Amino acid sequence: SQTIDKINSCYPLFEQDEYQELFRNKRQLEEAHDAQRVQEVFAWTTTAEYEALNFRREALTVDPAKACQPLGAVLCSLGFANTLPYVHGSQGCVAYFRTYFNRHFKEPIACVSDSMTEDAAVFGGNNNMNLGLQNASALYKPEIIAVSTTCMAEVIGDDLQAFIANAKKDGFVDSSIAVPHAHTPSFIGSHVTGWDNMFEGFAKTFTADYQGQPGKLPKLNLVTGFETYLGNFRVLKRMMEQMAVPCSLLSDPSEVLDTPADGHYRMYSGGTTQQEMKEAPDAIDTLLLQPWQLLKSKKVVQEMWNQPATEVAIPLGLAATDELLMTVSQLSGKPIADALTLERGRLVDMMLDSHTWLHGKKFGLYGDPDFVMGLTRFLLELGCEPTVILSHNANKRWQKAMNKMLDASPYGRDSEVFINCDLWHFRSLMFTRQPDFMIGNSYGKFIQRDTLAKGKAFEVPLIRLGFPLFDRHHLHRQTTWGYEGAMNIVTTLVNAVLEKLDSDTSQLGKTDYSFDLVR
């Protein structure tokens, strides 16, 4: 039932008596396990015995914390001006890539497929490539069609390069359109590998025949890798302008993922121009800001462009931002701006003001390898203990580097690092290691719910930092790099601690002796 005065949606409609009755009656037709048995298995899933069995898995993955290569090629492609992402292969993949980004950014996402079907399995997909480039050019008028692949195209062995050379030869794609490409097999690596593979394709198309001279242009290029916070692209440009050092981001989707709602749909907006990519070899250097995933991009910088590829850490936190600005200052010969020194001191004031609530707190965290290394480093710099550190798509070389960092910190003595493990593994770790909080993406909400069902004392609250963020709005606008991003991370962490403490101390007449007005 409903009333005209107070219509209820699904929740809490289904809390009403008639629906609880409906549910009791439907239960009797399901041959449900009795509630005692379900309770008993739930409890057993929270134990150390179940954890050991869980960590013996070698074939089953449950609740992965990674996606597949072509998602990352699509995101890299969206960062170039007037570029239409195009994934050669089967169309179901493109419906899912667009949807996945639509739900994080709350924005439209342009991307096409060439719709290979069973016919293309024996003939190969060269007819789909010819018609697809022809139709996409006509409908969408891109200056660049950036082509990646789905797993059907990789398994059948479609010769991408040849297909595109044939489309050009035979008049299906005009000479005015650039068609960079990359092979992006979903059964190798993850979405971050797809981004790096796509970037190498752009580099070949736009610079392979160019005779560059490092420092001919007194600028730095910056390469972000797979990054889904709009604020991170923007803060880098802002700091470089304050430094007075010319710069170009190579792949910057922040304008096309934030177009105004003014009565017009703009499929293309901003992005790295062809001029910026073509003149990239003349910069002083190219700084690869997520170094663990930008592996082919480092070979571009050093072997194609003969630039230093000066090593930099992800610019997350106070010390890693100081190291990025010192590197920009050394390479350019320009001093660090007084406005940046002022911003740095305000971040340090914030760290000193909030330190008593953060020191000694225990965190679990998961995400992509470069993000997890940077966030673990900043938590150690805050005096926090990152006790459970998981990266499903990280490798053994990254794990060794993380353990070297942790061993050298007083705050890393109880830390455990997990690679090639998933969020069902992370769930057991939240039950057995019980950190105060866990930092993750929206998939972590189910782990918070499961820990709460063991009891209020066992709840591990989620703090949302990462991708995807689907159950809160406009967090993709935020910044996590630079001093500005560090201010957002410190504010987020201390107010998560204070929100949980108020909740714990908000029981009238019981725990509200410590429901303090001032904290």
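The first residue of the shown sequence is 1; numbering continues from there.
Relative to one another, 308-316 and 123-131 have unequal mean CA B-factors, and 123-131 is the one with the higher figure. For the pair 151-159 and 87-95, the mean B factor over Cα atoms is greater in 151-159. When the C-alpha B-factors of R449, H191, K168, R344 are read from the PDB record, the largest value belongs to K168. Taking the deposited Cα B-factors for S251, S442, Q293, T117, the highest one is held by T117. When the modelled residues of the chain are ordered by their C-alpha B factor, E303 lands in the highest third. Ranked within its chain, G231 lands in the middle third, by CA B factor from the PDB record. In this PDB entry, the Cα temperature factor of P468 sits in the bottom third of its chain's modelled residues, the lowest group.
Sorting the modelled residues of the chain by their CA temperature factor places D504 in the middle third. Residue-level temperature factors show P64 in the middle third of its chain, judged at the C-alpha atom.
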